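Colleague: so I pulled this structure from the PDB, and the sequence comes with it:
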Amino acid sequence: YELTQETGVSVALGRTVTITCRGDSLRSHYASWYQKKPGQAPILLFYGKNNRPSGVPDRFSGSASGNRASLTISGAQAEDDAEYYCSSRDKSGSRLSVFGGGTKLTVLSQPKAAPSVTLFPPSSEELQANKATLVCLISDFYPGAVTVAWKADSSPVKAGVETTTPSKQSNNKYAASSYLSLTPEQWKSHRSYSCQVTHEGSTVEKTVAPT
Amino acid sequence: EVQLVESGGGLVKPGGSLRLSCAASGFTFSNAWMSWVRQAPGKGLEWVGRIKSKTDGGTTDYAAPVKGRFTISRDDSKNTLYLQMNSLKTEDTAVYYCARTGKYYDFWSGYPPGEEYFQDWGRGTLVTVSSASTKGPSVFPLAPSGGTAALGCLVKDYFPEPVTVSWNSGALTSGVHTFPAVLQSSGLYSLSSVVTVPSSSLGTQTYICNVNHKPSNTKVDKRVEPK
Ligand SMILES: [Zn+2]
Ligand SMILES: [Zn+2]
């Protein structure tokens, strides 16, 4: 992204939290801020230095310094659970707006729980069909925001990756999964593969190796 | 007061075309600049194009990945905004939003000046570009390798959703997780199910995952054995 935001943040009821977007173009431009709840239309919360649309709660405020734009919620309420996006003019000056990648805000309503991660290698049956999938299963975590990264022999793997957005389990914790697609030759030619799962900045890593 | 309702979403094959409509009410449509914004399944928000009001030039602008393929138009007499999408690519799969846009100024000294905010939005409509047709899954075992072991089943390359997974015909529910499916660029889906079992039970208890894909009339069982 041209504007970078953290994937997720949490806050206890009534406390203050700040969501920040960073980018070189914010040194020269102001940003606008949006809330999007699951399945709902986005709402404009704030723009510039002091513009809050009618109907937006007073606890939402925007600010800017250096290469950062921030949205501060002063007294988080349960209804503030949502994705939050910043937007600003394209760094090129072009007549175009760009968006950050979004920050999932969780207003804590149960205890935090770390992801349980299990990484499976390709099955012998799948390899016999001349395919290979590594399967990274991530369960029982809260808040429901994680980032997943893959590596092989210390090098990030970007191609062949598909990762689900977290979804709530019947036990009210979250689950997610990530898949790395490889040829059988690729699988066998590297020493080890890893799935790294980051939850509020804390990384859990599992590794598998051919044989 | 303001409402925007996008419609027209659907499944279309690559190379095909689709027209979206956005019906607007609660504001003076003829005065409004309007935009389309989209969100691909995992990757945030992306401006698609805009049309100015008729009192202004009524002209259009488009994002680079979309120029030459998408056309934006408006019928003020029906308070409707359109997005004609032609020569669609897998890359165009996304939720498509209609938005009323506004302008404000910051302290950038460039030209033309002005920030654009998205003052009102619709809920969006899903567009899926895929060459997939109904297809049953292939099922692979995920073999077990504090006194407990995880085993599972990989349910690969099916269409459409959903698949149902049980263990031991429903007798095993404790410690089961069946995960949301992933949508591949092929348009096909894959999902996994895992169960955590006592390690002492491996090789005396049989674990079978039962996979049901109703659109393809597929009902397949797979035994998951230790390595
Ligand atoms: Zn600006
Ligand atoms: Zn954690």
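Modeller: Arrived safely, thanks for sending. Residues are numbered from 1 along each chain as shown, chains lettered A, B, ... in the order given. Ligands and ions are numbered 1, 2, ... in the order given.

Colleague: could you pull up phi and psi at residue B:16?
Modeller: Here is the backbone geometry of residue B:16 (degrees, to the nearest 10): phi -90, psi -170.

Colleague: secondary structure element holding the residue in chain A that ligand 1 sits nearest to?
Modeller: Closest approach of chain A to ligand 1 (CB to the ion) occurs at residue A:29, with a separation of 3.2 Å. (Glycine included, C-beta is placed from N, CA and C.) Residue A:29 is part of no helix or strand, with elements assigned from DSSP states H and E.

Colleague: and residue B:165, by the same measure?
Modeller: strand B:164-167.

Colleague: quick one: contacts for residue 115?
Modeller: Since you didn't name a chain, this refers to chain A. A:138-141, A:146, A:176, A:197, A:199, A:204 (CB atoms under 8 Å, 6 or more residues apart in numbering or on different chains).

Colleague: think we crossed wires, I meant chain B
Modeller: A:29-30, A:32, A:47-48, A:88-89, A:97, B:103-106.

Colleague: now do residue B:121
Modeller: Here residue B:121 is in contact with A:41-43, B:4, B:37, B:97-99 (CB under 8 Å, 6+ apart).

Colleague: give me the number of residues near residue 31?
Modeller: Chain wasn't specified; assuming chain A. The number of residues packed near residue A:31 is 30, by other CB atoms under 10 Å in any protein chain shown.

Colleague: switch to chain B, please.
Modeller: 12.

Colleague: which residue does chain B bring closest to ligand 2?
Modeller: Across chain B, the shortest distance to ligand 2 (CB to the ion) belongs to residue B:177, at 17.7 Å.

Colleague: wait, isn't residue B:182 in contact with residue B:188?
Modeller: No. Contact criterion CB atoms under 8 Å: residue B:182 and residue B:188 do not qualify, at 9.5 Å.

Colleague: the most centrally placed residue in chain A: what's it in contact with?
Modeller: Centroid-nearest residue in chain A, with CA atoms, centre = their mean: residue A:7, separated by 3.0 Å. Residues near residue A:7 by CB under 8 Å, 6+ apart: A:101-104, A:145-147, A:198.

Colleague: for it, grab phi and psi.
Modeller: Torsion angles, degrees, to the nearest 10, at residue A:7: phi -70, psi -30.

Colleague: tell me the spacing between it and residue A:30.
Modeller: Distance, residue A:7 to residue A:30, by CB to CB, to the nearest Å: 24 Å.

Colleague: ligand 1 contacts on chain A?
Modeller: Residues of chain A lying close to ligand 1 (CB under 5 Å from the ion) are A:29, A:89.

Colleague: all helices of chain A, in order?
Modeller: In chain A, the segments counted as helices under DSSP state H are A:124-128, A:184-189.

Colleague: how's chain B carved up into domains?
Modeller: Split into domains by curated CATH domains, chain B comes to B:1-131, B:132-227.

Colleague: around ligand 1, pick out the residues from chain B.
Modeller: B:106, B:108, B:115.

Colleague: still on that earlier bit, wait, what's in contact with the residue of chain B closest to ligand 2?
Modeller: Counting by CB under 8 Å, 6+ apart, the residues that residue B:177 touches are A:137, A:139-140, A:169, A:175, B:193-195.

Colleague: the closest residue in space to residue A:12 that isn't next to it in sequence and residue A:17, how far apart?
Modeller: In space, and not counting its chain neighbours, residue A:12 is closest to residue A:108: 5.2 Å by CB to CB, 6 or more residues apart in numbering or on different chains. Distance, residue A:108 to residue A:17, by CB to CB: 11 Å.

Colleague: touching, residue A:71 and residue A:84? I think so.
Modeller: Yes. With contact defined as CB under 8 Å, residue A:71 counts as touching residue A:84 (6.1 Å).

Colleague: which bits of chain A sit near ligand 2?
Modeller: Residues of chain A lying near ligand 2 (CB under 5 Å from the ion): A:114, A:199, A:202.

Colleague: counting neighbours, what do you get for the second one?
Modeller: Here the count is done by other CB under 10 Å, and residue A:199 has 23 residues near it.

Colleague: so who does it touch?
Modeller: Contacts of residue A:199 by CB under 8 Å, 6+ apart are A:114-115, A:141, A:143, A:145-146.

Colleague: can you do 10 Å?
Modeller: Contact analysis of residue A:199 by CB atoms under 10 Å, 6 or more residues apart in numbering or on different chains lists A:7-8, A:112-115, A:117, A:138, A:141-147, A:174.

Colleague: for stretch A:154-162, which residues meet the burial criterion?
Modeller: Within stretch A:154-162, the residues scored as buried using 16 or more other CB atoms under 10 Å in any protein chain shown are A:157, A:161-162.

Colleague: what residue is smack in the middle of chain B?
Modeller: Short answer for chain B (CA atoms, centre = their mean): residue B:41, at 4.2 Å.

Colleague: is it true that that one touches residue B:90?
Modeller: No. With contact defined as CB atoms under 10 Å, residue B:41 does not reach residue B:90; the gap is 11.1 Å.
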